[PDB]
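Below, in structure tokens: the form deposited in one PDB entry, a single chain.
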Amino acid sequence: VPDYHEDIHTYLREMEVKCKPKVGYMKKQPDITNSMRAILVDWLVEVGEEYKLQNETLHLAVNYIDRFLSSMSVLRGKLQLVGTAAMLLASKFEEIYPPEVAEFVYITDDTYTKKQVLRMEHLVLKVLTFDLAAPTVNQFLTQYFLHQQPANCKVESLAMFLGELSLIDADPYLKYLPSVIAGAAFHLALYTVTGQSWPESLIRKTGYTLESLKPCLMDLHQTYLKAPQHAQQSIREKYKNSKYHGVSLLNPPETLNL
């Protein structure tokens, strides 16, 4: 545990603000909806599980897609192409072994060609102006985990579970920064498993009070309670498995007392 922790925290806090999508971009998309993006993101969860991709890669690709749809109108039948090129770029950036273009083409069931996937890769790089090193809920959560006195695996798995649930729903989660969603997710995971709250050391590190996490945390408590009813279910399935301590099987708290 080094000498760069605070410097990096401070820099990622500047970067998350420069890397955010436009909150209302979906109201200006004439052919696609939030429920279409929710189907796309849920599918990327499956793609990631199929290829054994890091959670970080999932978070990155969702950031690339949301910033891309911030300035670019996309018709519904071209949306999965945006998502595929984004997951290709995220894998190239973050993975030790990124899957191949031909493998990306196979998982779209030949919906697009190789030429198309690669032409879209070039357009996403153009639109994003090569700015791919974006902060994610993931990056913040892992820093926050260092404050659990002492390390609880179910808390960490549930925090990851909750931070991933937030990717699916642009309304409401596009409103909040990665660091806030991660605070909320961590607090809620902690509270559910152990009964403890957002710790004082993190209030101090982040500048975030439990009150200030309240709006995101009200939302995420709702998303958690309604998770088993939700149209998209790939995250719940993934988080049932024993590498996640089966945390999507735990019962949410009925009440937060906040």
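Heads up, when I say rigid core I mean the largest set of C-alphas that superpose within 1.5 Å between the two forms. Don't overthink the numbering: it's just position in the shown sequence, from 1.
Using the rigid core as the fitting frame, the root mean square C-alpha deviation in 9 other deposited structures of this protein is greater for 143-151 than for the other of 143-151 and 87-95.
As recorded in the PDB entry, 31-39 is the stretch of 55-63 and 31-39 with the greater mean C-alpha temperature factor. Per the PDB record, of the two stretches 145-153 and 99-107, 145-153 carries the greater mean B-factor over its C-alpha atoms. Highest CA B-factor among the listed residues (210, 202, 69, 47): 210. Among the modelled residues of its chain, residue 197 has a C-alpha B-factor that falls in the highest third, as given in the PDB entry. Among the modelled residues of its chain, residue 9 has a C-alpha B-factor that falls in the lowest third, as given in the PDB entry. In this PDB entry, the Cα temperature factor of residue 115 sits in the top third of its chain's modelled residues, the highest group.
In the PDB entry, a CA B factor belonging to the highest third of its chain's modelled residues is recorded for residue 19.
Just so you know, the form solved in complex with a partner chain exists too; it's not on screen, but the next bit is about it.
Residue contact with its partner chain in the deposited bound form: residue 39 places a heavy atom within 4.5 Å of it. Contact check for residue 107: a heavy atom falls within 4.5 Å of its partner chain in the deposited bound form. In the deposited bound form, at least one heavy atom of residue 80 sits within 4.5 Å of a heavy atom of its partner chain. Looking at residue 191, you'd find every heavy atom of it more than 4.5 angstroms from its partner chain in the deposited bound form.
Against its partner chain in the deposited bound form, the set 46, 76 and 111 is in full contact: each member has a heavy atom within 4.5 Å. The candidate stretches are 221-229, 31-39, 193-201, 206-214, and the one lying within 4.5 Å of its partner chain in the deposited bound form by heavy atoms is 31-39.
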